[PDB]
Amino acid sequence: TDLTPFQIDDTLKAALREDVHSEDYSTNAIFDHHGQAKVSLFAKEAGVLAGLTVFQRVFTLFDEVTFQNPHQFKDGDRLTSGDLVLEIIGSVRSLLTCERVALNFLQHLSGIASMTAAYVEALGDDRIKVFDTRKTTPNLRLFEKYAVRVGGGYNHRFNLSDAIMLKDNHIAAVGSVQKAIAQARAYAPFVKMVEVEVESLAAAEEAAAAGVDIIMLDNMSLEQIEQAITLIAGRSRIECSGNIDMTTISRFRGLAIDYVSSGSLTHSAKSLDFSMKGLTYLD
């Protein structure tokens, strides 16, 4: 589901203002006469397209700009270098001044979508979902979460307010898996999912017995993981997390866990290369 102007406008404005504090001298010195012009957006690298309407919105907040999409490209579609993703039509000053900010969004989000897509394939198991985390670029979580969905991934909680996750230390402070779970439930009844991070087979048992929604198996071995699965017997949903990357992710293939999660999808994504070229004046 696409991102809306309500959601993105303030962020894009800020970004435009970051890149232009007075004016775009280089563009304004050369270009004048205010003729309409056309520029093309080209993919320069293979991957997955994400953030296209975000890209567009940067231009549209700045000036009156229209678009042409010859190949009907949309977020999710596979890209190959040289592909004509969009044509952008408007005044020269608007096209050149808005370009870098627009691309910066598009490159970043397409990079994440691409990487998410790659992880899914590397895993090669539909039955196991690929989830993101809170290890996101500050103030862009919304956009990054979106890119992950686009790439075929799924969203974990957005927030510390969304859902409860009882980590390593939380159990210790209470001194029982069961008590930590109980206090969580008492504190925020009914309307919050509760998850627990567990390093131990005993703790996984304790937690499943307590009736939690999701159990996180933290950096556990395959032997350990397999035992836990049988032990839990579908009493909770099972997430594997930690030390999960392109090389590692395939180890989970075929297990009866519900999902895995990776921070790298959002904290360490390479951006995907695009360029805007072929500027011509309209007749």
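One-based numbering along the sequence shown.
J.: Averaged over C-alpha atoms, is the B-factor higher for 197-205 or for 95-103 in this PDB entry?
T.: Taking the mean B-factor of the alpha carbons in each, 197-205 is higher.
J.: Read off the CA B-factors in the entry, average them over 173-181 and over 150-158, and name the higher stretch.
T.: Per the PDB record, 173-181.
J.: Whose CA atom has the top B-factor in the entry, of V58, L231, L52, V48?
T.: That would be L231.
J.: Would you mind ranking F67 by its C-alpha B-factor against the rest of the chain and naming the third, lowest, middle or highest?
T.: Within its chain, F67 is a middle-third residue by C-alpha B-factor, going by the deposited values.
J.: Test of reading the entry: by CA B factor among the chain's modelled residues, which third contains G111?
T.: Bottom third by C-alpha B-factor.
J.: Would you please rank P189 by its C-alpha temperature factor against the other modelled residues of its chain and give the third it falls in: lowest, middle or highest?
T.: According to the entry, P189 has a C-alpha B-factor in the chain's middle third.
J.: When the deposited Cα B-factors of this chain's modelled residues are ordered and cut into thirds, is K135 in the lowest, the middle or the highest one?
T.: Its C-alpha B-factor, which the entry lists for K135, ranks in the lowest third among residues of this chain.
J.: Lowest, middle or highest third: where is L41 by Cα B-factor in its chain?
T.: As the PDB entry reports it, the C-alpha B-factor of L41 lands in the lowest third of its chain.
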